[PDB]
file run_25.cif (mmCIF, N, CA, C and O atoms)
data_run
loop_
_atom_site.label_atom_id
_atom_site.label_comp_id
_atom_site.auth_asym_id
_atom_site.auth_seq_id
_atom_site.Cartn_x
_atom_site.Cartn_y
_atom_site.Cartn_z
N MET D 1 54.80 212.34 180.23
CA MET D 1 54.20 210.99 180.06
C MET D 1 54.68 210.06 181.18
O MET D 1 55.86 209.89 181.39
N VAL D 2 53.76 209.53 181.95
CA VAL D 2 54.15 208.69 183.13
C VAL D 2 54.27 207.22 182.71
O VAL D 2 53.28 206.51 182.63
N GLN D 3 55.47 206.75 182.47
CA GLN D 3 55.66 205.32 182.11
C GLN D 3 56.19 204.53 183.32
O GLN D 3 56.37 205.07 184.39
N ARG D 4 56.48 203.27 183.13
CA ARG D 4 57.06 202.45 184.24
C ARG D 4 58.52 202.82 184.46
O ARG D 4 59.38 202.50 183.66
N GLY D 5 58.82 203.50 185.54
CA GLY D 5 60.23 203.91 185.81
C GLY D 5 60.29 205.43 186.04
O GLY D 5 61.12 205.92 186.77
N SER D 6 59.41 206.16 185.41
CA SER D 6 59.40 207.65 185.60
C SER D 6 58.93 208.00 187.01
O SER D 6 57.90 207.54 187.47
N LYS D 7 59.66 208.85 187.69
CA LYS D 7 59.25 209.27 189.06
C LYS D 7 58.38 210.53 188.98
O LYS D 7 58.66 211.44 188.22
N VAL D 8 57.33 210.59 189.76
CA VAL D 8 56.43 211.78 189.73
C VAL D 8 56.15 212.28 191.15
O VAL D 8 56.19 211.52 192.10
N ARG D 9 55.81 213.53 191.29
CA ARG D 9 55.46 214.07 192.64
C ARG D 9 54.03 213.67 193.01
O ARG D 9 53.21 213.40 192.15
N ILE D 10 53.72 213.64 194.28
CA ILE D 10 52.34 213.28 194.72
C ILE D 10 51.53 214.54 195.03
O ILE D 10 51.89 215.32 195.89
N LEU D 11 50.43 214.73 194.35
CA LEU D 11 49.57 215.92 194.63
C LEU D 11 48.27 215.48 195.30
O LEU D 11 47.21 216.02 195.05
N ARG D 12 48.34 214.49 196.15
CA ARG D 12 47.11 213.99 196.84
C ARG D 12 47.15 214.35 198.33
O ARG D 12 47.77 213.67 199.11
N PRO D 13 46.48 215.43 198.69
CA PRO D 13 46.45 215.88 200.12
C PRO D 13 46.03 214.73 201.05
O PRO D 13 46.41 214.69 202.20
N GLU D 14 45.30 213.78 200.53
CA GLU D 14 44.89 212.61 201.37
C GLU D 14 46.06 211.63 201.53
O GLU D 14 46.11 210.86 202.47
N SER D 15 46.97 211.62 200.58
CA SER D 15 48.10 210.64 200.64
C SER D 15 49.13 211.09 201.69
O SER D 15 49.64 212.20 201.64
N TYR D 16 49.52 210.20 202.56
CA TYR D 16 50.60 210.52 203.55
C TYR D 16 51.89 210.92 202.82
O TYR D 16 52.77 211.53 203.39
N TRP D 17 52.04 210.52 201.57
CA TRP D 17 53.30 210.82 200.83
C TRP D 17 53.13 212.10 200.00
O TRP D 17 53.71 212.23 198.93
N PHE D 18 52.42 213.07 200.51
CA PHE D 18 52.30 214.38 199.80
C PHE D 18 53.68 215.02 199.64
O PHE D 18 54.56 214.84 200.46
N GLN D 19 53.87 215.81 198.60
CA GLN D 19 55.18 216.51 198.40
C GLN D 19 56.34 215.51 198.44
O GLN D 19 57.40 215.80 198.99
N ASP D 20 56.19 214.38 197.81
CA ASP D 20 57.31 213.39 197.74
C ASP D 20 57.34 212.72 196.36
O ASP D 20 56.31 212.50 195.75
N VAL D 21 58.51 212.42 195.86
CA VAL D 21 58.62 211.79 194.52
C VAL D 21 58.64 210.26 194.66
O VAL D 21 59.51 209.70 195.30
N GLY D 22 57.72 209.58 194.02
CA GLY D 22 57.72 208.09 194.06
C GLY D 22 58.08 207.54 192.68
O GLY D 22 58.46 208.28 191.79
N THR D 23 57.94 206.25 192.49
CA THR D 23 58.25 205.65 191.16
C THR D 23 57.03 204.89 190.63
O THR D 23 56.32 204.24 191.37
N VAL D 24 56.81 204.94 189.34
CA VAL D 24 55.67 204.19 188.74
C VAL D 24 56.03 202.71 188.59
O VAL D 24 56.96 202.36 187.90
N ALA D 25 55.29 201.85 189.23
CA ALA D 25 55.57 200.38 189.13
C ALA D 25 54.88 199.80 187.90
O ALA D 25 55.47 199.05 187.14
N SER D 26 53.63 200.14 187.69
CA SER D 26 52.89 199.62 186.50
C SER D 26 51.66 200.48 186.22
O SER D 26 51.19 201.20 187.08
N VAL D 27 51.12 200.38 185.03
CA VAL D 27 49.89 201.17 184.70
C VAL D 27 48.76 200.21 184.29
O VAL D 27 48.88 199.48 183.33
N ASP D 28 47.67 200.23 185.01
CA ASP D 28 46.52 199.35 184.66
C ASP D 28 45.48 200.13 183.84
O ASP D 28 45.02 201.18 184.24
N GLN D 29 45.10 199.60 182.70
CA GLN D 29 44.07 200.29 181.86
C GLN D 29 42.81 199.43 181.77
O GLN D 29 42.59 198.73 180.80
N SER D 30 41.96 199.50 182.77
CA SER D 30 40.69 198.71 182.74
C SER D 30 39.56 199.51 183.40
O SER D 30 38.47 199.60 182.87
N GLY D 31 39.83 200.10 184.53
CA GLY D 31 38.78 200.92 185.22
C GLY D 31 38.99 200.85 186.73
O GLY D 31 38.35 200.08 187.43
N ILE D 32 39.87 201.67 187.25
CA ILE D 32 40.12 201.68 188.73
C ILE D 32 40.21 203.12 189.24
O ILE D 32 40.38 204.05 188.47
N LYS D 33 40.09 203.31 190.53
CA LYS D 33 40.15 204.69 191.10
C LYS D 33 41.50 205.35 190.78
O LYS D 33 41.60 206.56 190.66
N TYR D 34 42.52 204.56 190.59
CA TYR D 34 43.85 205.12 190.22
C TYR D 34 44.51 204.26 189.13
O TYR D 34 45.14 203.26 189.43
N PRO D 35 44.36 204.67 187.88
CA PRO D 35 44.96 203.91 186.75
C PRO D 35 46.46 203.67 186.97
O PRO D 35 46.99 202.63 186.61
N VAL D 36 47.16 204.66 187.45
CA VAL D 36 48.65 204.55 187.57
C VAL D 36 49.03 204.09 188.98
O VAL D 36 48.49 204.55 189.96
N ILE D 37 50.01 203.22 189.08
CA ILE D 37 50.48 202.76 190.42
C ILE D 37 51.77 203.50 190.80
O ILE D 37 52.68 203.62 190.00
N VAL D 38 51.86 203.97 192.02
CA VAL D 38 53.09 204.68 192.46
C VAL D 38 53.73 203.93 193.64
O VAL D 38 53.06 203.27 194.41
N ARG D 39 55.03 204.05 193.79
CA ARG D 39 55.72 203.37 194.93
C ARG D 39 56.39 204.41 195.83
O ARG D 39 56.80 205.47 195.38
N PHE D 40 56.53 204.12 197.10
CA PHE D 40 57.19 205.07 198.03
C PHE D 40 58.26 204.36 198.86
O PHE D 40 58.36 203.14 198.84
N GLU D 41 59.02 205.09 199.62
CA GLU D 41 60.05 204.46 200.51
C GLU D 41 59.64 204.60 201.98
O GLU D 41 59.95 203.76 202.80
N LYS D 42 58.92 205.64 202.31
CA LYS D 42 58.46 205.83 203.72
C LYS D 42 57.11 205.15 203.93
O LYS D 42 56.45 204.75 202.99
N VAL D 43 56.66 205.08 205.16
CA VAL D 43 55.31 204.50 205.44
C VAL D 43 54.36 205.59 205.95
O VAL D 43 54.71 206.76 205.98
N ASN D 44 53.19 205.22 206.38
CA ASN D 44 52.22 206.22 206.93
C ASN D 44 51.59 205.70 208.22
O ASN D 44 52.08 204.76 208.82
N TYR D 45 50.53 206.32 208.66
CA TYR D 45 49.87 205.88 209.94
C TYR D 45 49.31 204.46 209.78
O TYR D 45 49.21 203.72 210.73
N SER D 46 48.94 204.09 208.58
CA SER D 46 48.39 202.72 208.35
C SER D 46 49.52 201.70 208.22
O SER D 46 49.37 200.54 208.55
N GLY D 47 50.67 202.14 207.74
CA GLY D 47 51.82 201.21 207.59
C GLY D 47 51.80 200.58 206.20
O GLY D 47 51.86 199.38 206.05
N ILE D 55 51.74 201.40 205.18
CA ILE D 55 51.73 200.87 203.78
C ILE D 55 53.03 201.26 203.06
O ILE D 55 53.75 202.13 203.50
N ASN D 56 53.32 200.62 201.96
CA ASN D 56 54.57 200.95 201.21
C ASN D 56 54.23 201.34 199.76
O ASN D 56 54.81 202.24 199.20
N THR D 57 53.28 200.65 199.16
CA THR D 57 52.90 200.98 197.75
C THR D 57 51.42 201.37 197.69
O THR D 57 50.62 200.94 198.50
N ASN D 58 51.05 202.15 196.70
CA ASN D 58 49.62 202.54 196.55
C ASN D 58 49.30 202.81 195.08
O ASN D 58 50.10 202.53 194.20
N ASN D 59 48.14 203.35 194.80
CA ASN D 59 47.76 203.65 193.39
C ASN D 59 47.28 205.10 193.27
O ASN D 59 46.45 205.55 194.04
N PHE D 60 47.77 205.82 192.29
CA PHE D 60 47.33 207.23 192.09
C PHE D 60 46.92 207.46 190.64
O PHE D 60 47.35 206.75 189.74
N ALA D 61 46.14 208.48 190.39
CA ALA D 61 45.74 208.80 188.98
C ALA D 61 46.79 209.72 188.34
O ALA D 61 47.47 210.46 189.02
N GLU D 62 46.97 209.61 187.04
CA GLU D 62 48.04 210.40 186.36
C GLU D 62 47.80 211.90 186.56
O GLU D 62 48.73 212.67 186.71
N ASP D 63 46.56 212.32 186.54
CA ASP D 63 46.25 213.78 186.70
C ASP D 63 46.72 214.27 188.08
O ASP D 63 47.01 215.44 188.26
N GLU D 64 46.81 213.39 189.04
CA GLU D 64 47.27 213.80 190.40
C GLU D 64 48.77 213.52 190.57
O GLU D 64 49.25 213.33 191.67
N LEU D 65 49.51 213.52 189.49
CA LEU D 65 50.98 213.31 189.58
C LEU D 65 51.72 214.26 188.64
O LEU D 65 51.31 214.47 187.51
N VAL D 66 52.83 214.79 189.07
CA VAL D 66 53.65 215.67 188.18
C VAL D 66 54.98 214.98 187.84
O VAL D 66 55.59 214.35 188.68
N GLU D 67 55.43 215.12 186.62
CA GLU D 67 56.74 214.50 186.23
C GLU D 67 57.90 215.35 186.76
O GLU D 67 58.06 216.50 186.39
N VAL D 68 58.70 214.79 187.63
CA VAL D 68 59.85 215.56 188.20
C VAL D 68 61.11 214.68 188.25
O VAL D 68 61.64 214.39 189.30
N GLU D 69 61.58 214.25 187.10
CA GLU D 69 62.80 213.38 187.07
C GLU D 69 64.06 214.25 187.11
O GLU D 69 64.02 215.43 186.82
N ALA D 70 65.18 213.66 187.44
CA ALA D 70 66.47 214.44 187.46
C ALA D 70 66.77 215.01 186.06
O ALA D 70 67.05 214.26 185.15
N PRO D 71 66.69 216.32 185.93
CA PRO D 71 66.97 216.97 184.61
C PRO D 71 68.33 216.52 184.05
O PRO D 71 69.18 216.06 184.78
N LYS D 72 68.53 216.69 182.77
CA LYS D 72 69.85 216.31 182.17
C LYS D 72 70.86 217.44 182.37
O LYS D 72 70.54 218.61 182.26
N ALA D 73 72.09 217.10 182.66
CA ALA D 73 73.15 218.14 182.84
C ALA D 73 73.83 218.46 181.51
O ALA D 73 75.04 218.50 181.42
N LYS D 74 73.05 218.72 180.49
CA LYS D 74 73.65 219.08 179.16
C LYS D 74 72.56 219.63 178.23
O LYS D 74 72.05 218.90 177.39
N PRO D 75 72.23 220.90 178.38
CA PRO D 75 71.19 221.53 177.53
C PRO D 75 71.50 221.31 176.04
O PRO D 75 70.75 220.66 175.33
N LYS D 76 72.60 221.85 175.57
CA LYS D 76 72.98 221.66 174.14
C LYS D 76 74.43 222.09 173.91
O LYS D 76 74.80 223.22 174.18
N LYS D 77 75.25 221.20 173.42
CA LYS D 77 76.68 221.56 173.16
C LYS D 77 76.82 222.25 171.81
O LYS D 77 77.76 223.01 171.64
#
call {"tool": "encode", "arguments": {"input": "run_25.cif", "output": "structure tokens"}}
result
Amino acid sequence: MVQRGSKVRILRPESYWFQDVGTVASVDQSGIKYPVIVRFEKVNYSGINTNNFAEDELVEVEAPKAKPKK
């Protein structure tokens, strides 16, 4: 589940930030090309920092917990 704060991988071959984990800034539910907003640290050929992606084009890859079960 992609909430505000969860980091996800980018699966958009068009996005300069392919194969990189960004952070979800906010989720808009009204009708846009990318309901979920993602943030990055690097830039691209256009010189951007934040963009918008769809949840289906993102994978959840947060730092796993170091404690399966005691």
call {"tool": "atom_distance", "arguments": {"input": "run_25.cif", "atom1": "CA of residue 10 in chain D", "atom2": "CA of residue 66 in chain D"}}
result
7.1 Å
call {"tool": "residues_around", "arguments": {"input": "run_25.cif", "residues": "residue 57 in chain D", "least_positions_apart": "3", "cutoff": "5 Å", "atoms": "only N, CA, C and O atoms", "output": "list in words"}}
result
residues 38, 39 and 40 of chain D
call {"tool": "closest_residue", "arguments": {"input": "run_25.cif", "among": "D:36, D:17, D:22, D:4", "to": "residue 55 in chain D", "atoms": "only C-alpha atoms"}}
result
D:17
call {"tool": "atom_distance", "arguments": {"input": "run_25.cif", "atom1": "atom C of residue 41 in chain D", "atom2": "atom O of residue 21 in chain D"}}
result
8.4 Å
call {"tool": "atom_distance", "arguments": {"input": "run_25.cif", "atom1": "atom O of residue 3 in chain D", "atom2": "atom N of residue 25 in chain D"}}
result
5.9 Å
call {"tool": "closest_residue", "arguments": {"input": "run_25.cif", "among": "D:30, D:71, D:12, D:76", "to": "residue 58 in chain D", "atoms": "only C-alpha atoms"}}
result
D:12
call {"tool": "closest_residue", "arguments": {"input": "run_25.cif", "among": "D:23, D:68, D:77, D:61", "to": "residue 11 in chain D", "atoms": "all atoms listed in the file"}}
result
D:61
call {"tool": "select_by_dssp", "arguments": {"input": "run_25.cif", "residues": "range 3-70 of chain D", "states": "strand (DSSP E)", "output": "mmCIF file with N, CA, C and O atoms, in the frame of the given file"}}
result
data_model
loop_
_atom_site.group_PDB
_atom_site.id
_atom_site.type_symbol
_atom_site.label_atom_id
_atom_site.label_comp_id
_atom_site.auth_asym_id
_atom_site.auth_seq_id
_atom_site.Cartn_x
_atom_site.Cartn_y
_atom_site.Cartn_z
ATOM 1 N N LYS D 7 59.660 208.850 187.690
ATOM 2 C CA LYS D 7 59.250 209.270 189.060
ATOM 3 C C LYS D 7 58.380 210.530 188.980
ATOM 4 O O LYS D 7 58.660 211.440 188.220
ATOM 5 N N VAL D 8 57.330 210.590 189.760
ATOM 6 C CA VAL D 8 56.430 211.780 189.730
ATOM 7 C C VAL D 8 56.150 212.280 191.150
ATOM 8 O O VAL D 8 56.190 211.520 192.100
ATOM 9 N N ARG D 9 55.810 213.530 191.290
ATOM 10 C CA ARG D 9 55.460 214.070 192.640
ATOM 11 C C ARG D 9 54.030 213.670 193.010
ATOM 12 O O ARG D 9 53.210 213.400 192.150
ATOM 13 N N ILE D 10 53.720 213.640 194.280
ATOM 14 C CA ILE D 10 52.340 213.280 194.720
ATOM 15 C C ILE D 10 51.530 214.540 195.030
ATOM 16 O O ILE D 10 51.890 215.320 195.890
ATOM 17 N N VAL D 21 58.510 212.420 195.860
ATOM 18 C CA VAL D 21 58.620 211.790 194.520
ATOM 19 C C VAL D 21 58.640 210.260 194.660
ATOM 20 O O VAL D 21 59.510 209.700 195.300
ATOM 21 N N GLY D 22 57.720 209.580 194.020
ATOM 22 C CA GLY D 22 57.720 208.090 194.060
ATOM 23 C C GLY D 22 58.080 207.540 192.680
ATOM 24 O O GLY D 22 58.460 208.280 191.790
ATOM 25 N N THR D 23 57.940 206.250 192.490
ATOM 26 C CA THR D 23 58.250 205.650 191.160
ATOM 27 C C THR D 23 57.030 204.890 190.630
ATOM 28 O O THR D 23 56.320 204.240 191.370
ATOM 29 N N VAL D 24 56.810 204.940 189.340
ATOM 30 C CA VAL D 24 55.670 204.190 188.740
ATOM 31 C C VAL D 24 56.030 202.710 188.590
ATOM 32 O O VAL D 24 56.960 202.360 187.900
ATOM 33 N N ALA D 25 55.290 201.850 189.230
ATOM 34 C CA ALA D 25 55.570 200.380 189.130
ATOM 35 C C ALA D 25 54.880 199.800 187.900
ATOM 36 O O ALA D 25 55.470 199.050 187.140
ATOM 37 N N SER D 26 53.630 200.140 187.690
ATOM 38 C CA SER D 26 52.890 199.620 186.500
ATOM 39 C C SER D 26 51.660 200.480 186.220
ATOM 40 O O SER D 26 51.190 201.200 187.080
ATOM 41 N N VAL D 27 51.120 200.380 185.030
ATOM 42 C CA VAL D 27 49.890 201.170 184.700
ATOM 43 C C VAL D 27 48.760 200.210 184.290
ATOM 44 O O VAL D 27 48.880 199.480 183.330
ATOM 45 N N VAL D 36 47.160 204.660 187.450
ATOM 46 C CA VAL D 36 48.650 204.550 187.570
ATOM 47 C C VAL D 36 49.030 204.090 188.980
ATOM 48 O O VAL D 36 48.490 204.550 189.960
ATOM 49 N N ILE D 37 50.010 203.220 189.080
ATOM 50 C CA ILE D 37 50.480 202.760 190.420
ATOM 51 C C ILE D 37 51.770 203.500 190.800
ATOM 52 O O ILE D 37 52.680 203.620 190.000
ATOM 53 N N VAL D 38 51.860 203.970 192.020
ATOM 54 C CA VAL D 38 53.090 204.680 192.460
ATOM 55 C C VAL D 38 53.730 203.930 193.640
ATOM 56 O O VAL D 38 53.060 203.270 194.410
ATOM 57 N N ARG D 39 55.030 204.050 193.790
ATOM 58 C CA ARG D 39 55.720 203.370 194.930
ATOM 59 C C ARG D 39 56.390 204.410 195.830
ATOM 60 O O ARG D 39 56.800 205.470 195.380
ATOM 61 N N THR D 57 53.280 200.650 199.160
ATOM 62 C CA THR D 57 52.900 200.980 197.750
ATOM 63 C C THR D 57 51.420 201.370 197.690
ATOM 64 O O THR D 57 50.620 200.940 198.500
ATOM 65 N N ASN D 58 51.050 202.150 196.700
ATOM 66 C CA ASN D 58 49.620 202.540 196.550
ATOM 67 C C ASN D 58 49.300 202.810 195.080
ATOM 68 O O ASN D 58 50.100 202.530 194.200
ATOM 69 N N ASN D 59 48.140 203.350 194.800
ATOM 70 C CA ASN D 59 47.760 203.650 193.390
ATOM 71 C C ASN D 59 47.280 205.100 193.270
ATOM 72 O O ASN D 59 46.450 205.550 194.040
ATOM 73 N N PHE D 60 47.770 205.820 192.290
ATOM 74 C CA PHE D 60 47.330 207.230 192.090
ATOM 75 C C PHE D 60 46.920 207.460 190.640
ATOM 76 O O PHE D 60 47.350 206.750 189.740
ATOM 77 N N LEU D 65 49.510 213.520 189.490
ATOM 78 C CA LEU D 65 50.980 213.310 189.580
ATOM 79 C C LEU D 65 51.720 214.260 188.640
ATOM 80 O O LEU D 65 51.310 214.470 187.510
ATOM 81 N N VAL D 66 52.830 214.790 189.070
ATOM 82 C CA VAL D 66 53.650 215.670 188.180
ATOM 83 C C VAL D 66 54.980 214.980 187.840
ATOM 84 O O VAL D 66 55.590 214.350 188.680
ATOM 85 N N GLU D 67 55.430 215.120 186.620
ATOM 86 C CA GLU D 67 56.740 214.500 186.230
ATOM 87 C C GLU D 67 57.900 215.350 186.760
ATOM 88 O O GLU D 67 58.060 216.500 186.390
#
call {"tool": "closest_residue", "arguments": {"input": "run_25.cif", "among": "D:75, D:37, D:31, D:44", "to": "residue 18 in chain D", "atoms": "only C-alpha atoms"}}
result
D:44
call {"tool": "closest_residue", "arguments": {"input": "run_25.cif", "among": "D:70, D:56, D:6, D:43", "to": "residue 27 in chain D", "atoms": "only C-alpha atoms"}}
result
D:6
call {"tool": "residues_around", "arguments": {"input": "run_25.cif", "residues": "residue 34 in chain D", "least_positions_apart": "4", "cutoff": "6 Å", "atoms": "only N, CA, C and O atoms", "output": "list in words"}}
result
residues 28, 59, 60 and 61 of chain D
